[PDB]
Amino acid sequence: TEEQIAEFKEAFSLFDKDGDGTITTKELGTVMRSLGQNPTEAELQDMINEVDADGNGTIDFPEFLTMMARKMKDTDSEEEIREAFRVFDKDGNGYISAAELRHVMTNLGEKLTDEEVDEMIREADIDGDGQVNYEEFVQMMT
Amino acid sequence: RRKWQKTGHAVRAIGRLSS
Ligand SMILES: [Ca+2]
Ligand SMILES: [Ca+2]
Ligand SMILES: [Ca+2]
Ligand SMILES: [Ca+2]
């Protein structure tokens with residue numbers, strides 16, 4: 001609905017740095033590199049091609065929304081989320097600290113205060129341990 | 001949590017694409 005649609009859009013915007021309405025191969029590599037990824041031009045093209053329906057070389061919102069809306073198999077969704085947690089959890093200690101959430105949020109271009117980040121940790125931190133564990137990430141991610 | 005959702009989607013968008 002309008003909400004999840006708008007969520008997906010907001011996400012789209014993390015990618016479309018220029019706000020031209022499309023994610024080019026360069027914008028994809030930018031966001032990826034931010035998040036500790038280092039794809040080669042080749043990979044980036046293949047990646048953009050996988051979802052470029054109109055063969056126009058770039059990925060627009062409805063091509064993204066289409067990707068983002070595809071039915072992910074349960075066992076697959078779980079896997080997708082584990083992989084996502086692993087992007088936040090840089091030290092790989094199975095817990096997402098405020099330091100890590102700050103890095104990710106900042107690399108993604110997102111602008112928040114140390115208080116806001118701490119808030120995000122706070123809201124997601126059900127077991128009040130100062131950090132976000134896997135089940136907390138999942139509880140928050142769904 | 002809208003900051004979480006939004007961000008999680010983006011990180012997920014990369015995973016999907018990485019296939
Ligand atoms: Ca763009
Ligand atoms: Ca296209
Ligand atoms: Ca960690
Ligand atoms: Ca916790």
# chains A, B, ... in the order shown; residues from 1 in each chain; ligands from 1
call {"tool": "residues_near_ligand", "arguments": {"ligand": "ligand 2", "cutoff": "6 Å", "atoms": "only C-alpha atoms and all ligand atoms", "output": "number ranges by chain"}}
result
A: 52-60
call {"tool": "interface_residues", "arguments": {"of": "chain B", "to": "chain A", "cutoff": "7 Å", "atoms": "only C-alpha atoms", "output": "PDB file with C-alpha atoms, in the first residue's frame"}}
result
ATOM      1  CA  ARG B   1      11.875   2.653  13.213  1.00  0.00           C
ATOM      2  CA  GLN B   5      12.747  -0.014   7.734  1.00  0.00           C
ATOM      3  CA  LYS B   6      13.955   2.436   5.078  1.00  0.00           C
ATOM      4  CA  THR B   7      17.600   1.438   5.665  1.00  0.00           C
ATOM      5  CA  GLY B   8      16.909  -2.289   5.883  1.00  0.00           C
ATOM      6  CA  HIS B   9      15.142  -2.156   2.517  1.00  0.00           C
ATOM      7  CA  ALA B  10      18.141  -0.453   0.938  1.00  0.00           C
ATOM      8  CA  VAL B  11      20.576  -2.988   2.364  1.00  0.00           C
ATOM      9  CA  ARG B  12      18.170  -5.666   1.166  1.00  0.00           C
ATOM     10  CA  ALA B  13      17.975  -4.105  -2.308  1.00  0.00           C
ATOM     11  CA  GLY B  15      21.390  -8.346  -1.537  1.00  0.00           C
ATOM     12  CA  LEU B  17      20.693  -7.463  -6.836  1.00  0.00           C
ATOM     13  CA  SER B  18      23.882  -9.332  -5.796  1.00  0.00           C
TER      14      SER B  18
END
call {"tool": "select_by_dssp", "arguments": {"residues": "region 44-129 of chain A", "states": "strand (DSSP E or B)", "output": "number ranges by chain"}}
result
A: 59-60, 95-96
call {"tool": "write_last_selection", "arguments": {"atoms": "C-alpha atoms", "output": "PDB file, in the first residue's frame"}}
result
ATOM      1  CA  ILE A  59      16.939   1.243 -13.074  1.00  0.00           C
ATOM      2  CA  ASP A  60      13.993   3.457 -12.324  1.00  0.00           C
ATOM      3  CA  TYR A  95      25.330  -7.907  17.994  1.00  0.00           C
ATOM      4  CA  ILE A  96      24.722  -4.537  16.344  1.00  0.00           C
TER       5      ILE A  96
END
call {"tool": "residues_near_ligand", "arguments": {"ligand": "ligand 3", "cutoff": "10 Å", "atoms": "only C-alpha atoms and all ligand atoms", "output": "PDB file with C-alpha atoms, in the first residue's frame"}}
result
ATOM      1  CA  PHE A  85      22.216  -8.094   9.654  1.00  0.00           C
ATOM      2  CA  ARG A  86      25.732  -8.997   8.609  1.00  0.00           C
ATOM      3  CA  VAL A  87      26.040  -5.599   6.836  1.00  0.00           C
ATOM      4  CA  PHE A  88      25.170  -3.825  10.058  1.00  0.00           C
ATOM      5  CA  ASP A  89      27.212  -6.163  12.291  1.00  0.00           C
ATOM      6  CA  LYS A  90      30.641  -5.258  10.911  1.00  0.00           C
ATOM      7  CA  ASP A  91      32.712  -6.836  13.716  1.00  0.00           C
ATOM      8  CA  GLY A  92      30.719  -9.994  13.171  1.00  0.00           C
ATOM      9  CA  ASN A  93      30.095 -10.428  16.901  1.00  0.00           C
ATOM     10  CA  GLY A  94      26.398 -11.179  16.404  1.00  0.00           C
ATOM     11  CA  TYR A  95      25.330  -7.907  17.994  1.00  0.00           C
ATOM     12  CA  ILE A  96      24.722  -4.537  16.344  1.00  0.00           C
ATOM     13  CA  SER A  97      26.134  -1.745  18.478  1.00  0.00           C
ATOM     14  CA  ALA A  98      25.324   1.956  18.289  1.00  0.00           C
ATOM     15  CA  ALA A  99      28.748   2.413  16.713  1.00  0.00           C
ATOM     16  CA  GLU A 100      27.883   0.039  13.916  1.00  0.00           C
ATOM     17  CA  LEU A 101      24.399   1.500  13.379  1.00  0.00           C
ATOM     18  CA  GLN A 131      22.866  -3.567  21.695  1.00  0.00           C
ATOM     19  CA  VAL A 132      20.672  -5.109  19.040  1.00  0.00           C
ATOM     20  CA  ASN A 133      20.950  -8.861  18.657  1.00  0.00           C
TER      21      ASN A 133
END
call {"tool": "closest_residue", "arguments": {"among": "A:41, A:33, A:61, A:66", "to": "ligand 1", "atoms": "only C-alpha atoms and all ligand atoms"}}
result
A:61
call {"tool": "residues_near_ligand", "arguments": {"ligand": "ligand 1", "cutoff": "8 Å", "atoms": "only C-alpha atoms and all ligand atoms", "output": "list in words"}}
result
residues 15, 16, 17, 18, 19, 20, 21, 22, 23, 24 and 27 of chain A
call {"tool": "residues_near_ligand", "arguments": {"ligand": "ligand 4", "cutoff": "7 Å", "atoms": "only C-alpha atoms and all ligand atoms", "output": "JSON list (two decimals) with C-alpha atoms, in the first residue's frame"}}
result
[["chain", "number", "residue", "atom", "x", "y", "z"],
["A", 125, "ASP", "CA", 16.51, -2.97, 22.02],
["A", 126, "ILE", "CA", 13.82, -5.08, 23.68],
["A", 127, "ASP", "CA", 16.21, -6.92, 26.02],
["A", 128, "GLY", "CA", 17.64, -3.61, 27.22],
["A", 129, "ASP", "CA", 21.25, -4.75, 26.72],
["A", 130, "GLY", "CA", 22.53, -1.63, 24.93],
["A", 131, "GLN", "CA", 22.87, -3.57, 21.70],
["A", 132, "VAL", "CA", 20.67, -5.11, 19.04],
["A", 133, "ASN", "CA", 20.95, -8.86, 18.66],
["A", 136, "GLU", "CA", 15.85, -7.86, 17.74]]
call {"tool": "select_by_dssp", "arguments": {"residues": "chain A", "states": "helix (DSSP H, G or I)", "output": "PyMOL selection string"}}
result
chain A and resi 2-15+25-34+41-51+61-69+74-88+98-107+114-124+134-141
call {"tool": "closest_residue", "arguments": {"among": "A:114, A:63, A:75, A:102", "to": "residue 4 (chain B)", "atoms": "only C-alpha atoms"}}
result
A:102
call {"tool": "atom_distance", "arguments": {"atom1": "CA of residue 74 (chain A)", "atom2": "CA of residue 135 (chain A)"}}
result
16.0 Å
call {"tool": "atom_distance", "arguments": {"atom1": "CA of residue 3 (chain B)", "atom2": "CA of residue 106 (chain A)"}}
result
11.8 Å
call {"tool": "atom_distance", "arguments": {"atom1": "CA of residue 138 (chain A)", "atom2": "CA of residue 113 (chain A)"}}
result
23.5 Å
